[PDB]
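Trainee: What follows is a single structure, and I will ask about it in a moment.
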Amino acid sequence: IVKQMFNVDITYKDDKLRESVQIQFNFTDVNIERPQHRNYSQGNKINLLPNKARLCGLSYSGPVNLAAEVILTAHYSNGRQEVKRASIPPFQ
Amino acid sequence: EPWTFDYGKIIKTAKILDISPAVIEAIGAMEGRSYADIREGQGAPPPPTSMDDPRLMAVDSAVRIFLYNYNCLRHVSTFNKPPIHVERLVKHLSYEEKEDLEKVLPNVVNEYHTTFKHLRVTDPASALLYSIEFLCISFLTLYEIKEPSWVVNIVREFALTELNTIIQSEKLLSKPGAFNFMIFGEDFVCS
Amino acid sequence: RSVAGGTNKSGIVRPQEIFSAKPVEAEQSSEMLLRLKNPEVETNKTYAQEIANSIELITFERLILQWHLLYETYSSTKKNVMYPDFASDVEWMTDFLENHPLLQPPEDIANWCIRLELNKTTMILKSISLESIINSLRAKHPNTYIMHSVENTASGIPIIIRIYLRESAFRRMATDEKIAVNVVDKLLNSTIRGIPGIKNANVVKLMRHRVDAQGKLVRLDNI
Amino acid sequence: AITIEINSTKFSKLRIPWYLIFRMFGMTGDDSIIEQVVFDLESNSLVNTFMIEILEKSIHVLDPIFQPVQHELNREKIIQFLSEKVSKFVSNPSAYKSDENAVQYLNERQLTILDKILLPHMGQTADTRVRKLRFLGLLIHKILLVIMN
Amino acid sequence: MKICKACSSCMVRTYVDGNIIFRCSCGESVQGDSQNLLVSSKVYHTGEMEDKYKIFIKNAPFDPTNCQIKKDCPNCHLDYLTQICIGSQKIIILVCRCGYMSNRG
Ligand SMILES: [Zn+2]
Ligand SMILES: [Zn+2]
């Protein structure tokens, strides 16, 4: 779903030769690791056993890590075009 | 009766319309390509293999719209309010002359439909070539009409306008060029 | 309880019909009980049986086994083209004309016709006479001109009734074909015999009380 | 009439005559459309006759919305009409009309949207449009078979 | 079906005046002769077994879920036979994998 289905290609309009900006990005990285809990805030985050979640009211949720490729392309007046591209590191 | 493709008709039609032959030769294949590649004939998809190829029905629709507008031009006497293009053509002809338009202009459908059906069932690429060839044949036949003199001008302008409309629609299906996306009256533009 | 249509009493339908005062048309289980007059003739089952057969509403559509809408005309009998399927109707048409010379195709007959083939099995099943059908139709729609063929002969011969429309029916918005379809609907739903609103009739046995000669109140069952 | 409503991420609540959907993918000729529904026009039998009757009636019945393109044999004009009607961000459908590139953008976007949206299980590309229409004709055949009892 | 010869479109009937002419939206008219003069009909015969169940009746001898009865097939002399009961009239049809159809269908 994340990779194939959620591709974004929209164009928005707001140096006076610039009329619109075409935002294009797509995710190619997604993994769901096991639930984690941060013990004393400054911890390395540790495994969250189900009973700990049940007793503390925490949600047995594993973090989702994402990484995307982004293409910011600006279309100017009279057809001049510039492309800004970035490789975005895996975040969560 | 045996049939055979002839590139002369497309060469002549391209010369008359002043656009390059590869533009008409690829009718139905305008999708997703810049008009520059259309005219240069770059990346022309191979001839159809299956009778389910959308190009066959695209060219058939083109020939159909040509014949439809031509028969509208022939039968102006029937219309209580004819389509705007035949009106623009024949606003300066009397009712008797409008009936003479039907009596004078030759039918051009021949047996296109049965032939195209058999060809598509049998050979899709041959059906595509036959539809292109028939459209060009009809256009040049109309443009080659010489008698009577008064209808020659009307027939010529009609044929030019109609083939230009067909090619214009085909180009309108093609990929848009660099253009201002603000013309659509809203903030956002999605693909 | 029965859930079949025409006698719908499932769940709360009948109590709702009573309490909510639904009008006559909205009632789904409308039943009428009628007693035979002259209670000598009321004692026997067969007489009640064909009285119930008499009272049943018989509409035209039930007697019909084929009906076709035709753009034809029978202005006099010149030649005229009909549907070549039902083109052999002229031979019996002439037979009708010579056997019924009181009535001739009226001058206002329109270019519309209906060819109806009678279900012989039903009209012999319910004892409906052809003359009854035709006189009821011509009395209910003089606005339409009806021609009937000879039918008493035998099997194999299909009883063909041809009905043509005259201008006075078209005299109304809507085109002529919708007028013809409307006329087909109107005469299709016409009543041949019976009573409006009755779908079925049946004979039942009731236990009724009557006084004898000597003042004794007996409960009769053979009524 | 017989109307086709397509609901997806792109489309919503829009009711379209069926023959219009058939002809904006090609084969604007209605004889081929009736053939795609009944699978054989030259065939005899009562089923084909009723099919033809109802389909012709549905074709000739007017529509409140798609009247301008009801009798249009031009595939491009109908595609542009639908793209105007269904696409957002097109609030004044006359300014972009002059620019041929805006018309090209709308038409190409609409055709890509329909390729993705109409009967995607048959395909999601341009070369599958005829087979999508064949399957749509089969669906209409099944529906009208059910109406036959 | 009447289709316009030039543009293959549906042509309305236009029942005028003494004859029938089929008129297209492009103006073509093709007239009408005899067999075009039927407008509509609705035959009364509650029977579709001839076409509604034709495929089903053909496939029945190969259907494993169909009921069988102990009778001999006159054509191939199998001693079992699949039995079909169709419609409101409860028409009983006996068929076999050899094509036997028992005078019905
Ligand atoms: Zn036409
Ligand atoms: Zn056998």
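Residues are referred to by chain and number: the chain letter is A, B, ... according to the order shown in the structure tokens, the number counts from 1 in that chain, and ligands are numbered separately from 1 in the order shown.
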Could you pull out the strand (DSSP E or B) residues of chain E, going by DSSP on the backbone, and write them as a PyMOL selection string?
Mentor: chain E and resi 3+10+12+23+29+38-41+68-69+81-86+91-95
Trainee: Output N, CA and C atoms for every residue in the selection just made, as an mmCIF file, in the first residue's frame.
Mentor:
```cif
data_model
loop_
_atom_site.group_PDB
_atom_site.id
_atom_site.type_symbol
_atom_site.label_atom_id
_atom_site.label_comp_id
_atom_site.auth_asym_id
_atom_site.auth_seq_id
_atom_site.Cartn_x
_atom_site.Cartn_y
_atom_site.Cartn_z
ATOM 1 N N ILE E 3 -30.011 0.233 -38.179
ATOM 2 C CA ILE E 3 -28.833 1.062 -37.966
ATOM 3 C C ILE E 3 -28.579 1.896 -39.215
ATOM 4 N N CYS E 10 -28.275 4.294 -34.024
ATOM 5 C CA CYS E 10 -29.660 3.868 -33.877
ATOM 6 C C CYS E 10 -30.600 4.858 -34.552
ATOM 7 N N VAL E 12 -34.492 6.082 -35.151
ATOM 8 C CA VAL E 12 -35.830 6.071 -34.570
ATOM 9 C C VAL E 12 -36.842 5.621 -35.616
ATOM 10 N N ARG E 23 -35.359 7.329 -39.360
ATOM 11 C CA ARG E 23 -34.597 8.556 -39.514
ATOM 12 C C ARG E 23 -33.466 8.593 -38.499
ATOM 13 N N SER E 29 -32.395 8.345 -44.155
ATOM 14 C CA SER E 29 -33.682 7.671 -44.061
ATOM 15 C C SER E 29 -33.675 6.467 -44.992
ATOM 16 N N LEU E 38 -44.315 -3.858 -37.768
ATOM 17 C CA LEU E 38 -44.701 -4.277 -36.428
ATOM 18 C C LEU E 38 -44.160 -3.285 -35.409
ATOM 19 N N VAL E 39 -45.017 -2.851 -34.496
ATOM 20 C CA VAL E 39 -44.647 -1.872 -33.484
ATOM 21 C C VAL E 39 -44.237 -2.544 -32.184
ATOM 22 N N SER E 40 -45.128 -3.341 -31.604
ATOM 23 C CA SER E 40 -44.824 -4.044 -30.367
ATOM 24 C C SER E 40 -45.784 -5.213 -30.227
ATOM 25 N N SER E 41 -45.362 -6.206 -29.452
ATOM 26 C CA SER E 41 -46.207 -7.351 -29.166
ATOM 27 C C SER E 41 -45.790 -7.944 -27.832
ATOM 28 N N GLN E 68 -30.862 -38.624 -10.213
ATOM 29 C CA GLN E 68 -30.910 -39.706 -11.181
ATOM 30 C C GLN E 68 -32.009 -40.683 -10.798
ATOM 31 N N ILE E 69 -32.542 -41.380 -11.796
ATOM 32 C CA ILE E 69 -33.550 -42.406 -11.577
ATOM 33 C C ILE E 69 -33.139 -43.663 -12.326
ATOM 34 N N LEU E 81 -30.493 -42.647 -15.362
ATOM 35 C CA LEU E 81 -30.898 -41.503 -16.163
ATOM 36 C C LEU E 81 -31.138 -40.320 -15.243
ATOM 37 N N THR E 82 -30.613 -39.159 -15.617
ATOM 38 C CA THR E 82 -30.776 -37.967 -14.801
ATOM 39 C C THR E 82 -32.111 -37.299 -15.100
ATOM 40 N N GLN E 83 -32.782 -36.855 -14.044
ATOM 41 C CA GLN E 83 -34.154 -36.380 -14.114
ATOM 42 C C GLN E 83 -34.204 -34.905 -13.753
ATOM 43 N N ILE E 84 -34.794 -34.104 -14.632
ATOM 44 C CA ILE E 84 -34.913 -32.666 -14.447
ATOM 45 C C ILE E 84 -36.384 -32.323 -14.291
ATOM 46 N N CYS E 85 -36.681 -31.408 -13.377
ATOM 47 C CA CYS E 85 -38.034 -30.909 -13.186
ATOM 48 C C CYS E 85 -37.994 -29.390 -13.265
ATOM 49 N N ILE E 86 -38.677 -28.828 -14.258
ATOM 50 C CA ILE E 86 -38.478 -27.445 -14.674
ATOM 51 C C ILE E 86 -39.789 -26.682 -14.554
ATOM 52 N N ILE E 91 -42.534 -29.555 -15.203
ATOM 53 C CA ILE E 91 -42.281 -30.408 -16.357
ATOM 54 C C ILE E 91 -41.090 -31.298 -16.040
ATOM 55 N N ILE E 92 -41.267 -32.605 -16.196
ATOM 56 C CA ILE E 92 -40.218 -33.579 -15.921
ATOM 57 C C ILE E 92 -39.544 -33.933 -17.237
ATOM 58 N N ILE E 93 -38.230 -33.743 -17.299
ATOM 59 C CA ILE E 93 -37.441 -34.033 -18.487
ATOM 60 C C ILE E 93 -36.375 -35.046 -18.114
ATOM 61 N N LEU E 94 -36.259 -36.095 -18.915
ATOM 62 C CA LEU E 94 -35.270 -37.143 -18.715
ATOM 63 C C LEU E 94 -34.207 -36.999 -19.792
ATOM 64 N N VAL E 95 -32.948 -36.885 -19.377
ATOM 65 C CA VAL E 95 -31.848 -36.679 -20.305
ATOM 66 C C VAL E 95 -30.720 -37.638 -19.955
#
```
Trainee: Ligand 2: which residues are within 6 Å, counting only C-alpha atoms and all ligand atoms, as a ChimeraX atom specification?
Mentor: /E:73,75-76,78,96-98,100
Trainee: Go ahead and dump the residues you just picked, N, CA and C atoms, as a compact mmCIF listing (two decimals), in the first residue's frame.
Mentor:
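Result file is result_6.txt:
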```txt
# COMPACT_ATOMS: atom_id res chain seq x y z
N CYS E 73 -31.93 -45.85 -20.85
CA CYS E 73 -31.90 -44.88 -21.92
C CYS E 73 -32.21 -45.57 -23.25
N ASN E 75 -31.53 -44.77 -26.19
CA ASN E 75 -30.50 -44.63 -27.21
C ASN E 75 -29.27 -45.47 -26.89
N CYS E 76 -28.72 -45.34 -25.68
CA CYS E 76 -27.48 -46.01 -25.33
C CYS E 76 -27.65 -47.12 -24.30
N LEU E 78 -27.90 -47.19 -21.08
CA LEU E 78 -27.50 -47.06 -19.69
C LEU E 78 -28.73 -47.25 -18.81
N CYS E 96 -29.78 -37.78 -20.89
CA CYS E 96 -28.66 -38.69 -20.72
C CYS E 96 -27.43 -38.09 -21.38
N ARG E 97 -26.26 -38.60 -20.98
CA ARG E 97 -25.00 -38.11 -21.52
C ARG E 97 -24.82 -38.46 -22.99
N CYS E 98 -25.66 -39.33 -23.54
CA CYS E 98 -25.58 -39.69 -24.95
C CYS E 98 -26.37 -38.75 -25.85
N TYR E 100 -29.78 -38.21 -25.44
CA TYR E 100 -31.20 -38.50 -25.36
C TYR E 100 -31.92 -37.41 -24.57
```
Trainee: Using DSSP on the backbone, list every residue of region 36-66 of chain A that comes out as alpha helix (DSSP H), and give them as a list in words.
Mentor: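 For region 36-66 of chain A, the alpha helix (DSSP H) set is residues 50, 51, 52, 53, 54, 55 and 56 of chain A.
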Trainee: List all protein, DNA and RNA residues that have an atom no more than 9 Å from any atom of ligand 1, counting only C-alpha atoms and all ligand atoms, and report them as a list in words.
Mentor: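 The residues near ligand 1 are residues 67, 68, 71 and 72 of chain B; 3, 4, 5, 6, 7, 8, 9, 10, 11, 23, 24, 25, 26, 27, 28 and 29 of chain E.
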Trainee: In terms of the shortest atom-to-atom distance over only C-alpha atoms, which of C:172, C:126, C:62, C:219 is closest to chain E?
Mentor: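 Among C:172, C:126, C:62, C:219, it is C:62 that comes nearest to chain E.
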Trainee: Show me which bits of chain D are within 8 Å of chain E, counting only C-alpha atoms, as an NGL selection string.
Mentor: :D and (29-31 or 52-53 or 56 or 59-60 or 71)
